[PDB]
Amino acid sequence: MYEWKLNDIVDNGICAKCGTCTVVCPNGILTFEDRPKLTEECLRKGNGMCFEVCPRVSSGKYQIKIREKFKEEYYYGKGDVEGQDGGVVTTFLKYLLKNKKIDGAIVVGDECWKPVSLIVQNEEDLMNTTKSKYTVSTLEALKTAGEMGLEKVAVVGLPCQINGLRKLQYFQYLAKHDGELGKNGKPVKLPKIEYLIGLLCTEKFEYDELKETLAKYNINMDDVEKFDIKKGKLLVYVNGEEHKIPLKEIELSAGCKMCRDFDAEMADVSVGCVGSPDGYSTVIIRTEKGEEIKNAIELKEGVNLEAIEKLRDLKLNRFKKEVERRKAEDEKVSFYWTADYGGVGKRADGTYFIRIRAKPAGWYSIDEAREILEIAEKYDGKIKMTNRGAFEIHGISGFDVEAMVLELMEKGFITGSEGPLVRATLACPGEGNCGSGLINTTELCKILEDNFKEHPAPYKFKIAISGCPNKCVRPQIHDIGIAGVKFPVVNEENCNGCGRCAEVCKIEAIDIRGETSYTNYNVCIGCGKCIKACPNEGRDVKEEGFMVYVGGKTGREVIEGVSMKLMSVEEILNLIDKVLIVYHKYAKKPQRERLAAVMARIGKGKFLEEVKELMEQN
Amino acid sequence: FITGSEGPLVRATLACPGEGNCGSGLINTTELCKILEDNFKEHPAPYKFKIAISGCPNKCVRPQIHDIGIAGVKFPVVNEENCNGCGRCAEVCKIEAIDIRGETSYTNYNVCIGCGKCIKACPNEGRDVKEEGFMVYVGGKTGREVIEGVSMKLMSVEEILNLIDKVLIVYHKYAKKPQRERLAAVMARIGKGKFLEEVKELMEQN
Amino acid sequence: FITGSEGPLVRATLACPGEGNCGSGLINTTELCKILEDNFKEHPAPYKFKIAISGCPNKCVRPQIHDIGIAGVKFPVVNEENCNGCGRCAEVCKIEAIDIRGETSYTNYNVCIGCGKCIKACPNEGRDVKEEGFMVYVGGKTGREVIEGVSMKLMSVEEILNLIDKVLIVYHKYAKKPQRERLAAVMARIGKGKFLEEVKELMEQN
Amino acid sequence: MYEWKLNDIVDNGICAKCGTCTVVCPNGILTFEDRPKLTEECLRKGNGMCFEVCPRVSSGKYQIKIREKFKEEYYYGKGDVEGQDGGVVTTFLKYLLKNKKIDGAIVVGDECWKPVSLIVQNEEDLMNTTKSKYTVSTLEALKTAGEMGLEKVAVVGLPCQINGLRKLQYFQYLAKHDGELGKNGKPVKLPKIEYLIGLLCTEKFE
Ligand code: SRM
Ligand code: SRM
Ligand code: SRM
Ligand SMILES: Cc1cc2nc3c(=O)[nH]c(=O)nc-3n(C[C@H](O)[C@H](O)[C@H](O)COP(=O)(O)OP(=O)(O)OC[C@H]3O[C@@H](n4cnc5c(N)ncnc54)[C@H](O)[C@@H]3O)c2cc1C
Ligand SMILES: Cc1cc2nc3c(=O)[nH]c(=O)nc-3n(C[C@H](O)[C@H](O)[C@H](O)COP(=O)(O)OP(=O)(O)OC[C@H]3O[C@@H](n4cnc5c(N)ncnc54)[C@H](O)[C@@H]3O)c2cc1C
Ligand code: SF4
Ligand code: SF4
Ligand code: SF4
Ligand code: SF4
Ligand code: SF4
Ligand code: SF4
Ligand code: SF4
Ligand code: SF4
Ligand code: SF4
Ligand code: SF4
Ligand code: SF4
Ligand code: SF4
Ligand code: SF4
Ligand code: SF4
Ligand code: SF4
Ligand SMILES: [Cl-]
Ligand SMILES: [Cl-]
Ligand SMILES: [Cl-]
Ligand SMILES: [Cl-]
Ligand SMILES: [Cl-]
Ligand SMILES: [Li+]
Ligand SMILES: [S]
Ligand SMILES: [S]
Ligand SMILES: [S]
């Protein structure tokens, strides 16, 4: 009926039926019935925020996870309400409402097992939403919460819903622009999602399919008191009886076959039954927001982690079997999980490139280079050497990306230097390799990489380290630049005006006069060459070390960083850490505002003064 | 294998993956790089001489600060009959050159860098090509000093070959300090307009 | 009295006292300013258009960031038979372009800006005139942005009048936003080399 | 009454009743009856192109005249049709139509001495517009010509109308921006005003 880009996901059985896309539309022309659908013509043909938040187009997982910095602490517990298992989810939501942490909760109730998305603002309304509904649910109450103007909500969701809503939270980083403007010039109205409470999930069903399946076992769904999925069985409690149906005999919603995420790995806290005794819920705490559940539930340790891990593996194997089937039948596949990994980019022709983060100063062992070539050959890749000294492998099929990246990681290689984060530090050969080198660039590069590699930033962030003021790797137009320097001072007792030093100074900073020489320090760049060329011990070291620049860049615009001063390695590490903090503080446009643009916007002195203050608190 | 790219001569030409490889690529950077290498590799110059070719205005290989720089460009012009003000193109323009107004859109050509992104993103055939080709810069460098080359104009491959040949001749004519004076230094010394005028004259005799 | 120097037109030309008034002056700034005013005062342009004339490279009236800039210059060349390496000239060169060596001296022409002071300070007729005249810059501004104009070359007063006339014509031709696009913005938009090439072609038809 | 800034001119007896303001509105919410009138709410409260073309707010005459570079040659004559005086205006308009110099003429007819602004495209319709109508006239047919898509017109106007239409021609120089965009994101549709034929005038009556 209407042209809509996501029809590619929905019409080919890849859609998770999570409901994320239908809550973000600023024109309100999307609704979720049995699937996402347009209620009228979209002038963009679906080229917009719906498509951009869809977790089955692209997971966004790597860029989200490096920001959330997930932990993984395993507990089990029970609350004080009768729930599906322990009543933990509802008890936690009651605690968050009581303590004014949220204005409401987005939860799933039911009308005779037909799920309904609800915005609940009080304990009484929350009590109708306990228990699992094992059929397609939506997130539509998020739109209602936004119409009501609620500031903050918690959302309970299946893994696919958690993944969509993490893309919503991180939209500016993943889509690289602000939320889509509607016809009236304004973005969609939605509450802030303050807590993401995830459910473990192996599958959900279409309501009609479940009801028909039950009818085959002479069960009237309308009469069921409770459903459960335990140990490969659908449990059905009706008329005071427990009925078991093997899950193998029930058709799952088609999109669950394309699913990889069992335990809602991106949630603040994930809750399930696997791994914990009956009557308790398993609780996997991953973030500081999730850590607040400790205040709501008396938690215990002793989870059966292997029971959880086996379901992770079973779900992954199901996904792999379905992808292989689609490959064999030439059916549509959306390679949404390529974004689980750093260093993966999509080429113009729909295959991918994999960037191996450049090693310090571009040194590679022969064995290392041979290993890269062997992996490239195995996957039909083509070698491209980048201008930061990285191997980049081109032409990789979406079907091979994950396997190849994992093989590279097993051999010890890090894929990365892509996306809004600290890119591979670029250093020259430096002292003891290049005859002009004044500092150990390789080791400083290794130190900077060890401390900051792949650390997130509002936009790409690039560091360069040159061994001398020739600045071959261009530190004076990098976000942070370091250049080795060694300034001379003439020794009056020894210099005899022989004249040799002036000959090696290409910038002509030396004045040979009578029986002596001078240095013009308004021109001298501290290359140290005159000190090394003098045969008469006529030039001593005035000052030497690591010269530092902050706030430069190339690309669309050339900006020279602000010259700072000579700094020690400890000071440089402090500086980089605090620059990243102040950049985060003031950046307003992820994936658009480089550090130099933030400094320009707020004032170079103001930005540098705040960095110095944080450094001194360190 | 050819050992080289050292000393006072035309160094290895630096090109990105370009069109058909990078999703942003607008020109065949590899083939143009091969052409420039075939014509000028290891040709002597008063000092090191570096050429760069970027596939689009993101300029990853920094052509705007090379002795000679080329950047692929593709400028848009809105088709008033098709554009409906949907708003999608403005979302892909990171430098915010696009004005969405009512049922149409506009381009601010004092900001637009000709990346072509809006043309590719439009779902309604609302943006056509205004102008496209190889944008050329002359007289930049990095190293001890950062100098942005003089923006020239769009040029054909044949014109670029003529230009590079003539730049090298005029550089040799006016350079006085081999191994110290880059092209940018010679242009600064004698006047950028004087230098480029003489290059143009030699190109026309060609 | 003429009321003016306001709106989108050629504003009052700004000149320093120059030769015979300022001790550093090398050219007759008052007369050149009078000539430019007589030829172009209040002439329309797409946006304000400002000319400055400095008497020497100190550039007190800032010709290097004006729409058209002129600076008087006088470059030295050492008279090898007369220079005795006394050292006086180096003392008056604030930019330190002079190398005193043994019984002679040298000038670093990658630094010398042609102020002529060494010629005047030498007591031994050791420095003669290498080159002198009106150095010209095109396409600078201050205000909301700082832009340095493109260095051209030394020009005659006859050539400068031709240049200004043709710059104004090419500026009109390519300007799209009256009262918003300065000359520098038009040059940036279409390419500095492209703009200056068109100017030269019109100058040659004159 | 709908808020409209040009009410400061109309309500204080300064309005010339030329009609210029009511032809430029890109939303078509201005009409001219006995005076300029808003037919619905203006979101800008009249802060826009109507006010910016009004010759009684600011003449713009200096910036216009330095561009038009008016001469002043005096003649008298008669055409070949019966007019007010010599029939010169109608004859000239008949010549411009016949030689395809314009697609139509904006002229003032009458219904029993009530003036009516007309867009005429042939000699037959032009002949009903001879003679002076000494009461308030408008320029409203410019809007019709714009709706019809006519490329070029001639306009006959009283001095105040000529002054307003010169501001329209020079809008970007005087208002310092492009023509106002309507709610649909597009500017007003008007023909290019290729000829402005002014009438001498000491007064008009209600
Ligand atoms: C591979 C590489 C070019 C090369 O030929 O070597 C590259 C490749 C891309 N760059 Fe870059 N950039 C690469 C170095 C650069 C550099 C130079 C550097 O980093 O030393 C710059 C300018 C220096 C700087 O940024 O300070 C650079 C400035 C950009 C920009 C403009 C950024 C800006 O702030 O102006 C973009 C576009 C954007 O980010 O919007 C971009 C975007 C890209 C993308 C990801 C665009 C795309 O996919 O549509 C390109 C991937 C194509 C591919 O096949 O890999 N690339 N890019 C370089 C990889 C370096 C590495 O190993 O990590
Ligand atoms: C290998 C390399 C650095 C790297 O880590 O990758 C390099 C290495 C040297 N550079 Fe460079 N330059 C290298 C790229 C650069 C660049 C970047 C570029 O070319 O894209 C620049 C600045 C960009 C530019 O020049 O426009 C650069 C600016 C210099 C300069 C200063 C030139 C100037 O005009 O300011 C010198 C010293 C000199 O020429 O006096 C220099 C001198 C040198 C010498 C030959 C100095 C020496 O031997 O004492 C270094 C050789 C050391 C070695 O181990 O190879 N190198 N050098 C780069 C080789 C590129 C290639 O494959 O051909
Ligand atoms: C009087 C003066 C300032 C002063 O204290 O001396 C001046 C006064 C105004 N300038 Fe200016 N500008 C004056 C020299 C400058 C200069 C310096 C120069 O011309 O040497 C510049 C920057 C140099 C340049 O333009 O290259 C300058 C850049 C501007 C700008 C920004 C232009 C730009 O392209 O960025 C504006 C605003 C605009 O044009 O939009 C402006 C606008 C104005 C206006 C007309 C704005 C207004 O009326 O709202 C000011 C009139 C106020 C008044 O009381 O006169 N004025 N203005 C200067 C008169 C010079 C003369 O005698 O002709
Ligand atoms: C379709 C589905 C499949 C599941 N599969 C597994 C599994 O394989 N293994 C496992 O360990 N656990 C699974 N669970 C989770 C488990 O059944 C319990 O829901 C979980 O342990 C929480 O129990 P509780 O007593 O603490 O929560 P309660 O206090 O009972 O609260 C239950 C919460 O679940 C939410 N909810 C219920 N149905 C839906 C739905 N369809 N979509 C979104 N939210 C919903 C409600 O909004 C409510 O907040 C699944 C749940 C669902 C809905
Ligand atoms: C209100 C008014 C006052 C005038 N006062 C003087 C005066 O003081 N001194 C003087 O020398 N001449 C004045 N004239 C001009 C003069 O009356 C003749 O119109 C002029 O000489 C042209 O005559 P014509 O035979 O060549 O033109 P014609 O061929 O007769 O054509 C006359 C043209 O006048 C236009 N026209 C008529 N009435 C109006 C109007 N109200 N508004 C705009 N356009 C109109 C018609 O469109 C037509 O094209 C005045 C005209 C008007 C309308
Ligand atoms: S208006 Fe935007 S969010 Fe809505 S369906 Fe269209 S592209 Fe999607
Ligand atoms: S996976 Fe979710 S966000 Fe994507 S099309 Fe389906 S319901 Fe929409
Ligand atoms: S298996 Fe669960 S988390 Fe996955 S698509 Fe299905 S309902 Fe969503
Ligand atoms: S920056 Fe200096 S030490 Fe490093 S490769 Fe270049 S010349 Fe050698
Ligand atoms: S510093 Fe050394 S090389 Fe230089 S003039 Fe003195 S003695 Fe000679
Ligand atoms: S340290 Fe280098 S730049 Fe400085 S005087 Fe010595 S040779 Fe010259
Ligand atoms: S310059 Fe453009 S085409 Fe080339 S790699 Fe960069 S983003 Fe791609
Ligand atoms: S050019 Fe295309 S993407 Fe942009 S507003 Fe117009 S129809 Fe939409
Ligand atoms: S071509 Fe690029 S810079 Fe220009 S308007 Fe389009 S997206 Fe923006
Ligand atoms: S620019 Fe030179 S001649 Fe003019 S006042 Fe200044 S120092 Fe004197
Ligand atoms: S040029 Fe003159 S002032 Fe300079 S060292 Fe020679 S004799 Fe002395
Ligand atoms: S002309 Fe001036 S800048 Fe040049 S060497 Fe003489 S005193 Fe120095
Ligand atoms: S919409 Fe604009 S032109 Fe029309 S009355 Fe309003 S301000 Fe005036
Ligand atoms: S444009 Fe003319 S009719 Fe309108 S307010 Fe001004 S003088 Fe009056
Ligand atoms: S005297 Fe004539 S030109 Fe003046 S306002 Fe009246 S009608 Fe217009
Ligand atoms: Cl998912
Ligand atoms: Cl970040
Ligand atoms: Cl040579
Ligand atoms: Cl003009
Ligand atoms: Cl008037
Ligand atoms: Li010396
Ligand atoms: S990049
Ligand atoms: S180099
Ligand atoms: S000004």
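Just the heavy atoms: all of them, side chains too, but no hydrogens, waters or symmetry mates, feed the values below. A, B, ... follow the sequence lines: proteins, then strands. Residue 1 opens every chain.
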Going by atom types only, do A:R347 and B:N21 share a side-chain donor-acceptor pair under 3.5 Å? yes
Chain A contact via [X] - side chain, backbone, both or neither, heavy atoms under 4.5 Å:
| X | value |
| --- | --- |
| B:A52 | neither |
| B:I95 | side chain |
| B:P57 | backbone |

[atom1]/[X]: more than 12 non-hydrogen atoms of other groups inside 6.0 Å:
| X | atom1 | answer |
| --- | --- | --- |
| B:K34 | NZ | no |
| B:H172 | NE2 | no |
| B:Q179 | CD | yes |
| A:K45 | NZ | yes |

Specify the closest pair of heavy atoms between [X] and [Y], including all atoms of both residues, with the distance to one decimal.
| X | Y | result |
| --- | --- | --- |
| A:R44 | B:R88 | NH2-N, 3.5 Å |
| B:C22 | A:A348 | O-CB, 3.8 Å |
| A:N387 | B:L14 | CB-CD2, 4.4 Å |

Inspect the contact between [Y] and [X] and indicate whether a charged nitrogen and a carboxylate oxygen are less than 4.0 angstrom apart.
| X | Y | result |
| --- | --- | --- |
| B:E181 | A:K506 | no |
| A:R592 | B:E91 | no |
| A:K589 | B:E96 | yes |

State, yes or no, whether a side-chain contact exists between [X] and [Y] at a heavy-atom distance under 4.5 Å.
| X | Y | value |
| --- | --- | --- |
| A:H177 | B:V92 | no |
| A:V558 | B:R62 | no |
| B:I65 | A:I477 | yes |

Would A:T554 and B:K59 count as a side chain to side chain contact (heavy atoms under 4.5 Å, CB included) if you check the C-alpha gap in whole Å, the side-chain angles of each, and the deciding distance to 0.1 Å? CA-CA 8 Å; A:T554 346; B:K59 287 186 279 295; over 6 Å; no
Less than 4.5 Å to any heavy atom of chain B: does that hold for the side chain of A:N470, its backbone, both, or neither? both
Between A:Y352 and chain B, which part of the residue has a heavy atom less than 4.5 Å away: side chain, backbone, both or neither? neither
Heavy-atom pairs under 4.5 Å with chain A: which of B:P123, B:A71, B:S24 has the most? B:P123
Can you tell me how far apart CD (A:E180) and SG (B:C86) are? Round to the nearest 0.5 Å. 8.5 Å
Can you tell me how far CG of A:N47 sits from SG of B:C89, rounded to the nearest 0.5 angstrom? 11.5 Å
Using only atom types and a distance under 3.5 Å, with no angle test, would you say the side chain of B:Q64 pairs donor to acceptor with the backbone of A:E557? no
